[PDB]
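K.L.:
This is the structure, below, for whatever I ask next.
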Amino acid sequence: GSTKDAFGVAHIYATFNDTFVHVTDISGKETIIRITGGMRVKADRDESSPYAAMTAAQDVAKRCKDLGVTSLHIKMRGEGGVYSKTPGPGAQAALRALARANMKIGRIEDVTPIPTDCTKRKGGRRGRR
Amino acid sequence: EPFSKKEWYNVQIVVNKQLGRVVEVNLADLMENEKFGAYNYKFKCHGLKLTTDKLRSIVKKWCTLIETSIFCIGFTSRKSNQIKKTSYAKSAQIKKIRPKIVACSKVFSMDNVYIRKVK
Amino acid sequence: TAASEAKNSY
Amino acid sequence: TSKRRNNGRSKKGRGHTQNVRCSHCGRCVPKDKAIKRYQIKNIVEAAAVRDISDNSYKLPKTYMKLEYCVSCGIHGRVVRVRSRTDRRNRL
Amino acid sequence: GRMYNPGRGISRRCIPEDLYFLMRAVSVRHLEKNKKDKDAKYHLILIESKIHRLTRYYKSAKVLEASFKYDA
RNA sequence: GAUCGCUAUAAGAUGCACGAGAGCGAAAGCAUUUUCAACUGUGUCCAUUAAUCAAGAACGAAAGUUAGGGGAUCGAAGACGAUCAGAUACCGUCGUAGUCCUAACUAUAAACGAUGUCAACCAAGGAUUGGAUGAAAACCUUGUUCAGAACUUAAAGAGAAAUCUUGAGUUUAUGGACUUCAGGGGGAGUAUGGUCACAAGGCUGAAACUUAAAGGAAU
């Protein structure tokens, strides 16, 4: 059920607590292989280390070239609804790992959601102490 | 195996061995030209939207943002001789301004006019 | 003209 | 008495301004009193731009506005506790 | 300065009925459909006090006979 | 069959970036697009019609009350998991009241510029919001004169000083007009009494007794 070189999309959602390496078809409805940081480490604190993000992104690519997807439209995103809109630590490691993995890199975009207007944020008035 | 029973069609998209499918492609890839990169086109088996890069790169700090609805966005700009830091339009000047639209420049100098979204 | 002087504390 | 002449805010002719939520703490803070920084960064870190440009397009930039609370601004070294004479320095 | 607002304008002519024109009082008593417009209600009182200050003045000047009493 | 990815609906709430020592408002407050106030202009009118104000009356953040609707997110109470000597808290998860709209109550906040209202005078600057009049071809550049929010310097004036300067200057060289408040610190905004509210409470408000300091700005 594989084909020749088919462009993919890599919605790499990496936050301060975890990382996600998700590749689908260009329609965005059928995923190809999705490996996250928590599937590559045993320590909870290391669910989003750059080594964890790069190792996961490494093994993700091998399946992509195995199935024929070689080029990826990267999409960068962090947990930025009402929280921090900056991509987490392992975001760059995951992208670079794919680049070292001999994958053509197409468009790169930031798909972190930006609320036109927002709900309440957790923490109350005085915030986190 | 998940992918044993997958059949690839063309627009290519994986389909299980049904196509309300929506596919987004940059306007550059449609036109095979990089001058159109700041545009995302959607196709259904559907509209266009400005990329997040271009939209957030053109929101200046000391100018008046103008938006209307086909969504049109604009920005009042500086003049050549202008020495003051800010170039703000009044309430009335804005109400008039509600693709090259720009020449409204006789109401206030304006440069950054784009169609950020078509529904 | 009062206007001529018209185009402040206490 | 008054540490600062403007009381640390930036409102002059208005009575009330809306709160905003601190970027790092999530604390509510008045809009004028907020410490705002405009960040612009490439999505692809320059430490990896060579790899992308090797196997690949102008790399887009990030545009975010970050507001902090006074407690997190100092603790985050966004601003420092200036000297008594240098407090008036507004450049 | 202005009677009610704190503004201090000096727009004037420079040389080299009014009570009627303030009943503005009727033109806002508009309050029927907009019952929640507290801005209009506060400004209605201000215009009314202008009338009573003018009503009291014209009576002692004998312009108006002292039976005058503006109502709604 | 979670997280995650695309596509669809439906209410609820919100109103980013633009957003500023910028604007408006008596104050509280006001941020998606499609009656009132003020400024300026004037060879318009009236002719003291004015200022401040006991009593009296409007408006009055948030919370809270009552009855409906709504009820996404967050979340006093509460329940968990932590950390700790304990932690009945800060950290994480869940969650009723509330958070939203309507109608009626409550009328208090660091409701602050801790600076009452009105009027005359008072050093030197650049920039700014709306005018009008010139120059310059509505927008931008310059001059002139008002109104508004501010800012910079001061060898001066004032102050206990910090600082203030469009006053907190023109005060022992002591008097421009008016209203309000204070008299060492506690007891105390407590008791009693009166009154307003459905209630929580609000307004008015002592004394006995106790004590040599309490406090301010600077080194």
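As shown in the structure tokens, the chain order sets the letters A, B, ...; within each chain, residues go from 1, and ligands are also counted from 1 in the order they appear.
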Within 8 Å of chain F, which residues of chain A show up? Give each one with its shortest atom-to-atom distance in Å (one decimal) and the two atoms involved, counting only C-alpha atoms (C1' of nucleotides), rows by chain then rising residue number, as a Markdown table.

P.N.:
| residue | atom | partner | partner_atom | distance |
| --- | --- | --- | --- | --- |
| A:11 | CA | F:5 | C1' | 8.0 |
| A:20 | CA | F:4 | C1' | 7.6 |
| A:22 | CA | F:4 | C1' | 7.6 |
| A:24 | CA | F:5 | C1' | 7.2 |
| A:27 | CA | F:6 | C1' | 6.6 |
| A:28 | CA | F:6 | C1' | 4.5 |
| A:29 | CA | F:6 | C1' | 4.4 |
| A:30 | CA | F:5 | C1' | 7.6 |
| A:31 | CA | F:5 | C1' | 6.8 |
| A:114 | CA | F:16 | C1' | 7.7 |
| A:115 | CA | F:16 | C1' | 6.4 |
| A:116 | CA | F:16 | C1' | 4.9 |
| A:117 | CA | F:14 | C1' | 5.3 |
| A:118 | CA | F:14 | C1' | 5.5 |
| A:119 | CA | F:73 | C1' | 5.4 |
| A:120 | CA | F:73 | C1' | 5.3 |
| A:121 | CA | F:74 | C1' | 6.6 |
| A:122 | CA | F:74 | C1' | 6.3 |
| A:124 | CA | F:74 | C1' | 7.4 |
| A:129 | CA | F:90 | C1' | 6.5 |

K.L.:
If you keep N, CA and C atoms, can you produce a file of those selected residues as a PDB file, in the first residue's frame?

P.N.:
ATOM      1  N   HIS A  11       3.479  17.891  11.210  1.00  0.00           N
ATOM      2  CA  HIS A  11       3.012  18.774  12.274  1.00  0.00           C
ATOM      3  C   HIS A  11       3.762  18.396  13.540  1.00  0.00           C
ATOM      4  N   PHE A  20       5.812  15.753  19.841  1.00  0.00           N
ATOM      5  CA  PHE A  20       5.024  14.941  18.925  1.00  0.00           C
ATOM      6  C   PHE A  20       5.636  15.027  17.539  1.00  0.00           C
ATOM      7  N   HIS A  22       4.503  13.859  14.011  1.00  0.00           N
ATOM      8  CA  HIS A  22       3.304  13.364  13.350  1.00  0.00           C
ATOM      9  C   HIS A  22       3.393  13.691  11.869  1.00  0.00           C
ATOM     10  N   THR A  24       1.420  12.956   8.109  1.00  0.00           N
ATOM     11  CA  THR A  24       0.228  12.459   7.435  1.00  0.00           C
ATOM     12  C   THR A  24       0.384  12.590   5.929  1.00  0.00           C
ATOM     13  N   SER A  27      -3.540  15.755   2.624  1.00  0.00           N
ATOM     14  CA  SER A  27      -4.904  16.074   3.021  1.00  0.00           C
ATOM     15  C   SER A  27      -5.036  16.239   4.526  1.00  0.00           C
ATOM     16  N   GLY A  28      -4.084  15.723   5.294  1.00  0.00           N
ATOM     17  CA  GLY A  28      -4.126  15.846   6.732  1.00  0.00           C
ATOM     18  C   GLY A  28      -5.052  14.885   7.438  1.00  0.00           C
ATOM     19  N   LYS A  29      -5.663  13.942   6.723  1.00  0.00           N
ATOM     20  CA  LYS A  29      -6.627  13.042   7.343  1.00  0.00           C
ATOM     21  C   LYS A  29      -6.073  11.658   7.647  1.00  0.00           C
ATOM     22  N   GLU A  30      -5.077  11.187   6.903  1.00  0.00           N
ATOM     23  CA  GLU A  30      -4.495   9.864   7.112  1.00  0.00           C
ATOM     24  C   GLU A  30      -3.062  10.021   7.601  1.00  0.00           C
ATOM     25  N   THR A  31      -2.826   9.690   8.865  1.00  0.00           N
ATOM     26  CA  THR A  31      -1.475   9.748   9.402  1.00  0.00           C
ATOM     27  C   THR A  31      -0.628   8.603   8.857  1.00  0.00           C
ATOM     28  N   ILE A 114      -3.257  31.183  17.518  1.00  0.00           N
ATOM     29  CA  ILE A 114      -3.252  32.522  18.089  1.00  0.00           C
ATOM     30  C   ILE A 114      -4.703  32.921  18.343  1.00  0.00           C
ATOM     31  N   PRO A 115      -5.157  32.952  19.592  1.00  0.00           N
ATOM     32  CA  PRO A 115      -6.550  33.318  19.860  1.00  0.00           C
ATOM     33  C   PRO A 115      -6.820  34.751  19.443  1.00  0.00           C
ATOM     34  N   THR A 116      -7.744  34.920  18.497  1.00  0.00           N
ATOM     35  CA  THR A 116      -8.253  36.255  18.227  1.00  0.00           C
ATOM     36  C   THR A 116      -8.788  36.869  19.512  1.00  0.00           C
ATOM     37  N   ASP A 117      -9.595  36.111  20.251  1.00  0.00           N
ATOM     38  CA  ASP A 117      -9.952  36.442  21.621  1.00  0.00           C
ATOM     39  C   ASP A 117     -10.026  35.147  22.415  1.00  0.00           C
ATOM     40  N   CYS A 118      -9.846  35.256  23.726  1.00  0.00           N
ATOM     41  CA  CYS A 118      -9.485  34.105  24.537  1.00  0.00           C
ATOM     42  C   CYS A 118     -10.475  33.885  25.671  1.00  0.00           C
ATOM     43  N   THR A 119     -10.452  32.664  26.196  1.00  0.00           N
ATOM     44  CA  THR A 119     -11.167  32.312  27.413  1.00  0.00           C
ATOM     45  C   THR A 119     -10.336  32.737  28.621  1.00  0.00           C
ATOM     46  N   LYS A 120     -10.732  32.284  29.804  1.00  0.00           N
ATOM     47  CA  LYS A 120      -9.923  32.519  30.986  1.00  0.00           C
ATOM     48  C   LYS A 120      -8.699  31.612  30.973  1.00  0.00           C
ATOM     49  N   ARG A 121      -7.669  32.037  31.689  1.00  0.00           N
ATOM     50  CA  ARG A 121      -6.437  31.281  31.825  1.00  0.00           C
ATOM     51  C   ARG A 121      -6.321  30.741  33.244  1.00  0.00           C
ATOM     52  N   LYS A 122      -5.712  29.568  33.368  1.00  0.00           N
ATOM     53  CA  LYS A 122      -5.590  28.921  34.665  1.00  0.00           C
ATOM     54  C   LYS A 122      -4.618  29.678  35.562  1.00  0.00           C
ATOM     55  N   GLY A 124      -5.856  31.988  38.290  1.00  0.00           N
ATOM     56  CA  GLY A 124      -6.477  33.054  39.044  1.00  0.00           C
ATOM     57  C   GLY A 124      -5.805  34.393  38.790  1.00  0.00           C
ATOM     58  N   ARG A 129       2.628  30.547  41.773  1.00  0.00           N
ATOM     59  CA  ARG A 129       3.594  30.970  42.776  1.00  0.00           C
ATOM     60  C   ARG A 129       4.504  29.827  43.202  1.00  0.00           C
TER      61      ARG A 129
END

K.L.:
Show me, as a count of residues only, the residues that have an atom within 12 Å of residue 91 (chain B) when counting only C-alpha atoms (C1' of nucleotides), minus same-chain residues fewer than 4 positions from it.

P.N.:
10

K.L.:
In region 34-67 of chain D, what's strand (DSSP E or B) per DSSP? Answer as a ChimeraX atom specification?

P.N.:
/D:35-42,61-67

K.L.:
Could you write those residues out with N, CA, C and O atoms, as an mmCIF file, in the first residue's frame?

P.N.:
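Final file, part_13.cif:
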data_model
loop_
_atom_site.group_PDB
_atom_site.id
_atom_site.type_symbol
_atom_site.label_atom_id
_atom_site.label_comp_id
_atom_site.auth_asym_id
_atom_site.auth_seq_id
_atom_site.Cartn_x
_atom_site.Cartn_y
_atom_site.Cartn_z
ATOM 1 N N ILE D 35 5.148 44.973 31.157
ATOM 2 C CA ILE D 35 6.469 45.073 30.550
ATOM 3 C C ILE D 35 6.411 44.284 29.249
ATOM 4 O O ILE D 35 6.453 43.052 29.252
ATOM 5 N N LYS D 36 6.321 44.991 28.129
ATOM 6 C CA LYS D 36 6.071 44.375 26.836
ATOM 7 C C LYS D 36 7.361 44.298 26.036
ATOM 8 O O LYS D 36 8.088 45.289 25.926
ATOM 9 N N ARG D 37 7.641 43.124 25.480
ATOM 10 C CA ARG D 37 8.776 42.922 24.594
ATOM 11 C C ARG D 37 8.290 42.290 23.300
ATOM 12 O O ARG D 37 7.471 41.369 23.322
ATOM 13 N N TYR D 38 8.797 42.783 22.179
ATOM 14 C CA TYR D 38 8.443 42.269 20.862
ATOM 15 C C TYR D 38 9.574 41.367 20.380
ATOM 16 O O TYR D 38 10.678 41.841 20.104
ATOM 17 N N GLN D 39 9.293 40.074 20.268
ATOM 18 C CA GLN D 39 10.286 39.085 19.872
ATOM 19 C C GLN D 39 10.128 38.752 18.397
ATOM 20 O O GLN D 39 9.009 38.544 17.922
ATOM 21 N N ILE D 40 11.246 38.705 17.678
ATOM 22 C CA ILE D 40 11.279 38.241 16.296
ATOM 23 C C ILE D 40 12.405 37.229 16.170
ATOM 24 O O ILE D 40 13.562 37.541 16.475
ATOM 25 N N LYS D 41 12.072 36.023 15.725
ATOM 26 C CA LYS D 41 13.034 34.937 15.626
ATOM 27 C C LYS D 41 12.704 34.088 14.409
ATOM 28 O O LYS D 41 11.537 33.932 14.043
ATOM 29 N N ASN D 42 13.741 33.535 13.789
ATOM 30 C CA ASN D 42 13.527 32.563 12.729
ATOM 31 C C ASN D 42 12.966 31.277 13.314
ATOM 32 O O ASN D 42 13.335 30.869 14.418
ATOM 33 N N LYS D 61 9.920 34.004 9.833
ATOM 34 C CA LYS D 61 10.245 34.448 11.178
ATOM 35 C C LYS D 61 9.027 34.357 12.087
ATOM 36 O O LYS D 61 7.886 34.255 11.634
ATOM 37 N N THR D 62 9.295 34.383 13.388
ATOM 38 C CA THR D 62 8.266 34.375 14.416
ATOM 39 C C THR D 62 7.998 35.802 14.876
ATOM 40 O O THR D 62 8.922 36.608 14.993
ATOM 41 N N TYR D 63 6.728 36.115 15.125
ATOM 42 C CA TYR D 63 6.319 37.450 15.562
ATOM 43 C C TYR D 63 5.359 37.303 16.737
ATOM 44 O O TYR D 63 4.163 37.066 16.545
ATOM 45 N N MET D 64 5.879 37.450 17.952
ATOM 46 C CA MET D 64 5.070 37.357 19.155
ATOM 47 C C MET D 64 5.350 38.552 20.050
ATOM 48 O O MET D 64 6.460 39.085 20.072
ATOM 49 N N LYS D 65 4.329 38.962 20.791
ATOM 50 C CA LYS D 65 4.440 40.030 21.772
ATOM 51 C C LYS D 65 4.293 39.419 23.156
ATOM 52 O O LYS D 65 3.289 38.758 23.441
ATOM 53 N N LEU D 66 5.288 39.631 24.008
ATOM 54 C CA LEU D 66 5.332 39.021 25.328
ATOM 55 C C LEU D 66 5.184 40.095 26.391
ATOM 56 O O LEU D 66 5.923 41.084 26.386
ATOM 57 N N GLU D 67 4.230 39.901 27.293
ATOM 58 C CA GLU D 67 4.010 40.799 28.414
ATOM 59 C C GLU D 67 4.287 40.056 29.709
ATOM 60 O O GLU D 67 3.884 38.902 29.868
#

K.L.:
Quick one: contact table of chain A to chain B, 12 Å max, nearest atom pair and distance in Å to one decimal per residue, counting only C-alpha atoms, chain and number order, as a Markdown table?

P.N.:
| residue | atom | partner | partner_atom | distance |
| --- | --- | --- | --- | --- |
| A:1 | CA | B:6 | CA | 4.7 |
| A:2 | CA | B:3 | CA | 7.2 |
| A:3 | CA | B:8 | CA | 7.3 |
| A:4 | CA | B:12 | CA | 9.8 |
| A:5 | CA | B:12 | CA | 9.5 |
| A:6 | CA | B:12 | CA | 6.5 |
| A:7 | CA | B:12 | CA | 8.0 |
| A:8 | CA | B:13 | CA | 9.4 |
| A:9 | CA | B:24 | CA | 10.6 |
| A:24 | CA | B:14 | CA | 8.9 |
| A:25 | CA | B:13 | CA | 5.6 |
| A:26 | CA | B:23 | CA | 6.3 |
| A:27 | CA | B:23 | CA | 4.5 |
| A:28 | CA | B:23 | CA | 7.5 |
| A:29 | CA | B:21 | CA | 8.1 |
| A:30 | CA | B:14 | CA | 6.6 |
| A:31 | CA | B:14 | CA | 8.9 |
| A:32 | CA | B:3 | CA | 8.4 |
| A:33 | CA | B:2 | CA | 9.8 |
| A:63 | CA | B:3 | CA | 11.3 |
| A:64 | CA | B:3 | CA | 11.7 |
| A:66 | CA | B:3 | CA | 11.3 |
| A:67 | CA | B:3 | CA | 8.5 |
| A:68 | CA | B:14 | CA | 11.3 |
| A:69 | CA | B:12 | CA | 10.5 |
| A:73 | CA | B:25 | CA | 10.0 |
| A:75 | CA | B:52 | CA | 11.1 |
| A:76 | CA | B:52 | CA | 11.3 |
| A:77 | CA | B:52 | CA | 11.8 |
| A:106 | CA | B:29 | CA | 10.3 |
| A:107 | CA | B:26 | CA | 8.5 |
| A:108 | CA | B:53 | CA | 9.7 |
| A:109 | CA | B:53 | CA | 7.2 |
| A:110 | CA | B:52 | CA | 6.9 |
| A:111 | CA | B:52 | CA | 7.5 |
| A:112 | CA | B:52 | CA | 9.3 |
| A:113 | CA | B:52 | CA | 9.8 |
| A:114 | CA | B:52 | CA | 9.6 |

K.L.:
Skip residue 96 (chain F) itself and residues of its chain fewer than 4 positions away, then list as a VMD selection string all residues within 12 Å of it, counting only C-alpha atoms (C1' of nucleotides).

P.N.:
chain F and resid 75 to 79

K.L.:
Can you tell me which residues surround region 7-19 of chain D at a distance of at most 10 Å, considering only C-alpha atoms (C1' of nucleotides), apart from same-chain residues fewer than 3 positions away, and format the answer as a PyMOL selection string?

P.N.:
(chain A and resi 125) or (chain D and resi 2-4+22+27-35+70) or (chain F and resi 20-25+27-31+61+113+148-150)
